[PDB]
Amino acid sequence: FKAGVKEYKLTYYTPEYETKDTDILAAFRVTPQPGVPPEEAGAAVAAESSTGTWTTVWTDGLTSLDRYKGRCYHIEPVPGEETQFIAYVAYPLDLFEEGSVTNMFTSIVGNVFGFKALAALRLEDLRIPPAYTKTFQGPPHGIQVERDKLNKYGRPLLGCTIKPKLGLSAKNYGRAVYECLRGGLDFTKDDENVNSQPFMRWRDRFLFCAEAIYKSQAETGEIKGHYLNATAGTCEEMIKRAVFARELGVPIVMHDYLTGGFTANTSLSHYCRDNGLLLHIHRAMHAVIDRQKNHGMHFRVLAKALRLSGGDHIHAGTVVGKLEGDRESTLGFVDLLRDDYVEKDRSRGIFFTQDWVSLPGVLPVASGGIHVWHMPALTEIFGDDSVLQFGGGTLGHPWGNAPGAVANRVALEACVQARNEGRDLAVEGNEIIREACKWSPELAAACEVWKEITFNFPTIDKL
């Protein structure tokens, strides 16, 4: 033991290291401060996310850094960028608590983003090894089970956020839900920030929403759901709300996994597995973390973490709507959410090949600023295994919620048949929609209102 400060690269820069199939791998976009070499910046990231601190401690000799340390094993300069590079860090399996996304993020993103020696840091991807994935329940049900439980096959599912976001009473919430569901939507949902509030308490809402679900299901002959929000201030309240939705016999609840947190979300995921409840996951707060290319965590990391902690749906963006989502990045992390095996493909932002070892797939949810004219592009981007959600796009219809639901359902089914008969949704989409206005007045009224509405701005986070 020799007291004193060393360079981190002496222990934690190991460019010769061969990753093991049990390692958790990380790709960081690193922007070191002026004068800081990449080897030392990358070693600092590996060290202070695993076993090391700022000066040599004698306790290292009681154990084995060889077996426990994280290792920066590779440095990849970024083209057109003077000092920024990708650093690759391997973390041994033993560093992590089994089944705990909270612990995995605590190590990998706990302290390293505030280091003085770095100007910026972003986590772009992680390679979760099968040996760690198997310690997680993952989704309570997953795509196959969900379609089987709901008896829904052959098309995207359709949802809708009730609006205005806040201010509606419980009885008025249920009225809107009924009129929406009875028009052909599969789901409606509490807005993400609808929890329990003076204008509407949660238990009254759950009760009236149950009346609306069963009335609209009896009317249409199709299974219906309304995502009842279990997000709450404490785990005890969160579970209380899920217990009441279970008592009502309803099919689906929702949770804000980031504002609630991973510890609470994992508990709720387990409850839903124990009680047969589908769990829709809203990603509220993600863009605080994932919007900028130079610092934060890319959404694909947040999406993998949800698939581990557990959810049957997660919002995955629209590409074409009011919120940002780059098309190629979105195609990549949608695959990361749905598929069993995803090959490395930097053209879609996939830094590592990801094996999911039969962990259930998560249904991606396209929501936000979308309307009937977007249906061909949405169907084409996501395919059948998605949920397309129209809040303003239903409660904004000039004839009300049921005709608005009819418009969206008709447009979707018109795209499906057109696709199934060989047409090109990417090129004939507008003509497919105009043909359906010929026999659907509800769709025609919807197309007239939103004809000229698009969302085109410069994309901030590009590959």
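Residues carry their position along the shown sequence, with the first being 1.
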Revision key, fill the gap. Quick note on 67 to 75 and 381 to 389: per-entry mean CA temperature factor is higher in 67 to 75
Review point. Once you work out the mean C-alpha B-factor for both 325 to 333 and 179 to 187 from the entry, which is higher?
Key: 325 to 333
Review point. Which of these, 206, 115, 227, 271, has its C-alpha atom at the highest B-factor, as the entry lists it?
Key: 115
Review point. Sorting the chain's CA B-factors, does residue 307 end up in the lowest, middle or highest third?
Key: lowest
Point to revise | Ranked C-alpha temperature factor of residue 130 among modelled chain residues, by third | key: middle
**Study point:** Chain thirds of CA B-factor: placement of residue 356
**Key:** middle
Exercise for review: Using the B-factors in the PDB entry, rank residue 194's C-alpha atom against the chain and give the third, lowest, middle or highest.
Suggested key: lowest
Practice item. Can you work out whether the C-alpha temperature factor of residue 244 puts it in the lowest, middle or highest third of the chain? Key: lowest
